[PDB]
Amino acid sequence: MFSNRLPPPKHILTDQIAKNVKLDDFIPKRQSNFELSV
Amino acid sequence: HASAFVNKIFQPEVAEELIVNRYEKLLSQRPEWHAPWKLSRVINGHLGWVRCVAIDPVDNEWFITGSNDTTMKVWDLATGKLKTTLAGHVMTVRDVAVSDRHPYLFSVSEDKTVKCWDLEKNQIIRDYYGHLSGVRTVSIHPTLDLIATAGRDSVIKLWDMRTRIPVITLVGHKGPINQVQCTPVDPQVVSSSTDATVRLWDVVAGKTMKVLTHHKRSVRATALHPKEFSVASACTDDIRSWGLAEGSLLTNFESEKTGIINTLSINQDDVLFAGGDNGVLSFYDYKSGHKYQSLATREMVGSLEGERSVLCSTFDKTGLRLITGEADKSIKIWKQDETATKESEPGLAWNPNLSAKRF
Amino acid sequence: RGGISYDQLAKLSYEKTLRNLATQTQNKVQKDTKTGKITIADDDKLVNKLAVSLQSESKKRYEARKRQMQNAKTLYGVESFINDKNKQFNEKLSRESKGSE
Amino acid sequence: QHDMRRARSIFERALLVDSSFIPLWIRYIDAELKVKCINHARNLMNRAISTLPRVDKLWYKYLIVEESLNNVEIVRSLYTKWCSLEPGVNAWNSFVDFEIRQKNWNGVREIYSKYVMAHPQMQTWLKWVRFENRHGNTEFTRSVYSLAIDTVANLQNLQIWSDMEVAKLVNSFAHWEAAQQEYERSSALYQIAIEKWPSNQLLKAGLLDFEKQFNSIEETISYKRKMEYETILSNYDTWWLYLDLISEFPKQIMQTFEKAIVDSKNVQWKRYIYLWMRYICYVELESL
């Protein structure tokens, strides 16, 4: 914590827009762990 | 630790979703060490560009290469000497492939033809017919007596090998196909055209299992990994690795500011070569993506500056020897440099960049 | 400033159109589970204004290009030509060679 | 010809040849809209942004159309999905501007709370700073500053931020606390930030600018050493050695003078003669 070293002051259709595109098709799977059993 | 500090305060719904987590994991992840490469011998003897090279998949004693003077040549691997020459195309030879089940050399060319050479008598046995323009690609099926060829025709033809009938034609792309790889289980043909897609084909049904649209430009080179059941696809600076049988994105390779990548190759112990059109040949770890060596091919005596570019490459069967053929009509062999250890030649020190948002 | 990208010209066009929409403003959802179709209940007005806005904007841009054609067709001070298309080609060569060196 | 079905079939056949071409998508959306067929264009803009999600103009087209019909829930949902795909800062600044124009003051904090994680730089934290100074309390802006600075001090094991960027953050914290009459907290802040990072000299210059604006000999020594490094990089160095020996302690000045005597073709030889003469005179004032 950097802040505690300071003194105190004295004064509906959302899921329907694009169902085909998802975030997790962008992230590589061997990014997090290497040595993955493919 | 620090990710606990981020996760308890910012509270992502999925911890994998947030970018500081996906960047802290890569710094803690620590890739593997590989040895640096060097030049071993250089072999002259063609009268045009060395467009394509193939290796003996059994005995590892010779490597054949086709070229731009419309002749293929079988060179001795160990000594570098020229054993023999093969003519039979009238325009240049785009790709060669030697079978491992039968003594057959299937050569492909730009004059719209596909031929089958016997290696027991060194003659042409079987000619194949049906491509509207010049084929640029041969793979051979691992267990089923097929040929898969492709060109500017925008289709993949899967030739029977006995009756030489174009049995199955895969109609999917929107441009010439640059690479076709054959695969023994149900993503059986994996191709890559110049409309920035890579397709995984169901050859029994006739349709596509999955289209991979991640690249931005033409995919010029692909490679199968010998011990992994995964594929690597190259682009104009975008090398990715893909799993087969699902179609995942397994890893992105830090491959920026390298130019047009002509060829790829994959060693047994997770090395990935990627020779470029700017004469730069760069070596990657496969599981990580880290580029640990870059080299430049000094071209020739009275050559040009544009005439240095690796147009084709392969690895040895034992894997410790790289064979490239450059645009300066010459054949160059690269070597693992057995002396160096982890402390002597470390690499490029693994500093992944949060900027470019690709890691 | 030079050439501008597409991701930036897109935002500048969006912001100009919203600025226009604010000055123009100055002067539900039903899911049928039988088919799956969504009917959004929009008013008849603000559809007419959208259509007339697009029509008037396209006519304005069209007339601006039409007047630019005549004012670029009067000025003969470029180079010697033999038809109407050579004049445009020679003006293209002037525009590239003046900017290059 | 007022035949809309043939025009639709022609535009679809036109897309099958070339889907990468954006003016064709825009004409077909406009050709739906001008004849007042809004649902056809909604289906079409859906198919456009789901076909090519990395194209900015298509999302902005669908946002214009839903604004022009006054459908604010749809525009919020569209920017929610559009921000969900990690787009880039134009999309985020558009959404914070949308939620400013709707005067939902509570929601803009949620947008910035995701936007400081989608893009970590100090320019995004400082944008949320300036919003909290304009439309928030002193306490919210104070908590936002604290949430900035503790994450900056924590996450240096990743090394996202450079030195000038951290210095810009700390200078903003300090000058705002000085505007809020908390001088003790500001000076203590510079103490802790100098303690945390020793080598960020931009932060030290910010400290000295604050203390001169609101000690002296250490400032002269630090500015003289910085100007000496700058004049060694420029070359000059003799006046640097003189100002260092006037400032110094003096053993380092003597060893640096010996290094400058090593560092010593007309003005070159003249400066060499002057430097060797001054070094020999300073040695003679203090045989071999």
# chains A, B, ... in the order shown; residues from 1 in each chain; ligands from 1
$ interface_residues --of "chain D" --to "chain C" --cutoff "6 Å" --atoms "only C-alpha atoms" --output "JSON, numbers by chain"
{"D": [34, 56, 57, 69]}
$ residues_around --residues "residue 125 of chain D" --least-positions-apart "2" --cutoff "12 Å" --atoms "only C-alpha atoms" --output "ChimeraX atom specification"
/D:109,111-123,127-132,141,144-149,151-152,165-166,168-169,172-173
$ select_by_dssp --residues "segment 197-323 of chain B" --states "strand (DSSP E)" --output "PyMOL selection string"
chain B and resi 198-201+208-212+221-224+230-234+240-243+251-252+265-266+271-275+280-285+291-296+310-315+321-323
$ closest_residue --among "D:260, D:153, D:232, D:221" --to "chain B" --atoms "only C-alpha atoms"
D:153
$ interface_residues --of "chain B" --to "chain D" --cutoff "8 Å" --atoms "only C-alpha atoms" --output "list in words"
residues 2, 10, 18, 19, 20, 23, 24, 27 and 354 of chain B
$ interface_residues --of "chain D" --to "chain A" --cutoff "6 Å" --atoms "only C-alpha atoms" --output "PyMOL selection string"
chain D and resi 50+77+85+150+185
$ write_last_selection --atoms "N, CA and C atoms" --output "short mmCIF file (atom, residue, chain, number, x, y, z; two decimals), in the first residue's frame"
data_model
loop_
_atom_site.label_atom_id
_atom_site.label_comp_id
_atom_site.auth_asym_id
_atom_site.auth_seq_id
_atom_site.Cartn_x
_atom_site.Cartn_y
_atom_site.Cartn_z
N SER D 50 -20.75 -7.80 -37.11
CA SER D 50 -20.36 -9.15 -36.72
C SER D 50 -19.48 -9.79 -37.78
N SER D 77 -26.13 -0.44 -24.97
CA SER D 77 -25.82 -1.85 -25.17
C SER D 77 -24.82 -2.05 -26.30
N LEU D 85 -14.81 -6.02 -26.62
CA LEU D 85 -13.87 -6.72 -27.50
C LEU D 85 -12.46 -6.16 -27.49
N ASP D 150 -1.20 3.74 -5.85
CA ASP D 150 -0.82 2.48 -5.20
C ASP D 150 -0.63 1.36 -6.22
N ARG D 185 0.94 16.50 3.22
CA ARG D 185 0.71 15.29 2.45
C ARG D 185 1.49 15.31 1.14
#
$ atom_distance --atom1 "atom CA of residue 277 of chain B" --atom2 "atom CA of residue 19 of chain D"
28.9 Å
$ interface_residues --of "chain A" --to "chain B" --cutoff "9 Å" --atoms "only C-alpha atoms" --output "PyMOL selection string"
chain A and resi 23-38
$ write_last_selection --atoms "N, CA and C atoms" --output "PDB file, in the first residue's frame"
ATOM      1  N   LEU A  23     -14.714 -12.432 -27.127  1.00  0.00           N
ATOM      2  CA  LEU A  23     -13.370 -12.008 -26.767  1.00  0.00           C
ATOM      3  C   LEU A  23     -12.408 -13.183 -26.747  1.00  0.00           C
ATOM      4  N   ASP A  24     -12.878 -14.358 -26.323  1.00  0.00           N
ATOM      5  CA  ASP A  24     -11.962 -15.463 -26.057  1.00  0.00           C
ATOM      6  C   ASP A  24     -11.493 -16.165 -27.327  1.00  0.00           C
ATOM      7  N   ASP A  25     -11.907 -15.685 -28.501  1.00  0.00           N
ATOM      8  CA  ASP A  25     -11.333 -16.177 -29.747  1.00  0.00           C
ATOM      9  C   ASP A  25     -10.113 -15.362 -30.144  1.00  0.00           C
ATOM     10  N   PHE A  26      -9.762 -14.362 -29.337  1.00  0.00           N
ATOM     11  CA  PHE A  26      -8.594 -13.533 -29.613  1.00  0.00           C
ATOM     12  C   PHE A  26      -7.406 -13.974 -28.774  1.00  0.00           C
ATOM     13  N   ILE A  27      -7.667 -14.511 -27.591  1.00  0.00           N
ATOM     14  CA  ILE A  27      -6.592 -14.825 -26.642  1.00  0.00           C
ATOM     15  C   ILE A  27      -5.999 -16.181 -26.990  1.00  0.00           C
ATOM     16  N   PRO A  28      -4.696 -16.264 -27.245  1.00  0.00           N
ATOM     17  CA  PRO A  28      -4.049 -17.561 -27.449  1.00  0.00           C
ATOM     18  C   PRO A  28      -4.120 -18.435 -26.204  1.00  0.00           C
ATOM     19  N   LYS A  29      -4.278 -19.742 -26.417  1.00  0.00           N
ATOM     20  CA  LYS A  29      -4.518 -20.652 -25.303  1.00  0.00           C
ATOM     21  C   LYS A  29      -3.225 -21.037 -24.595  1.00  0.00           C
ATOM     22  N   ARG A  30      -2.114 -21.099 -25.320  1.00  0.00           N
ATOM     23  CA  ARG A  30      -0.833 -21.386 -24.689  1.00  0.00           C
ATOM     24  C   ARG A  30      -0.164 -20.100 -24.206  1.00  0.00           C
ATOM     25  N   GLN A  31      -0.914 -19.003 -24.120  1.00  0.00           N
ATOM     26  CA  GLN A  31      -0.370 -17.770 -23.566  1.00  0.00           C
ATOM     27  C   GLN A  31      -0.128 -17.909 -22.072  1.00  0.00           C
ATOM     28  N   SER A  32      -1.129 -18.399 -21.340  1.00  0.00           N
ATOM     29  CA  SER A  32      -1.011 -18.477 -19.889  1.00  0.00           C
ATOM     30  C   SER A  32      -0.026 -19.558 -19.477  1.00  0.00           C
ATOM     31  N   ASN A  33      -0.364 -20.813 -19.726  1.00  0.00           N
ATOM     32  CA  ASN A  33       0.572 -21.898 -19.501  1.00  0.00           C
ATOM     33  C   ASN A  33       1.212 -22.281 -20.818  1.00  0.00           C
ATOM     34  N   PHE A  34       2.520 -22.463 -20.793  1.00  0.00           N
ATOM     35  CA  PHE A  34       3.168 -23.219 -21.841  1.00  0.00           C
ATOM     36  C   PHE A  34       3.057 -24.686 -21.467  1.00  0.00           C
ATOM     37  N   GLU A  35       3.751 -25.536 -22.233  1.00  0.00           N
ATOM     38  CA  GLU A  35       3.883 -26.971 -21.946  1.00  0.00           C
ATOM     39  C   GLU A  35       2.496 -27.612 -21.847  1.00  0.00           C
ATOM     40  N   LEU A  36       1.647 -27.283 -22.810  1.00  0.00           N
ATOM     41  CA  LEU A  36       0.259 -27.693 -22.752  1.00  0.00           C
ATOM     42  C   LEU A  36       0.056 -28.933 -23.602  1.00  0.00           C
ATOM     43  N   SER A  37      -0.703 -29.875 -23.062  1.00  0.00           N
ATOM     44  CA  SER A  37      -0.884 -31.159 -23.720  1.00  0.00           C
ATOM     45  C   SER A  37      -1.803 -30.979 -24.920  1.00  0.00           C
ATOM     46  N   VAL A  38      -1.227 -30.590 -26.052  1.00  0.00           N
ATOM     47  CA  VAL A  38      -1.859 -30.810 -27.348  1.00  0.00           C
ATOM     48  C   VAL A  38      -1.256 -32.109 -27.860  1.00  0.00           C
TER      49      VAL A  38
END
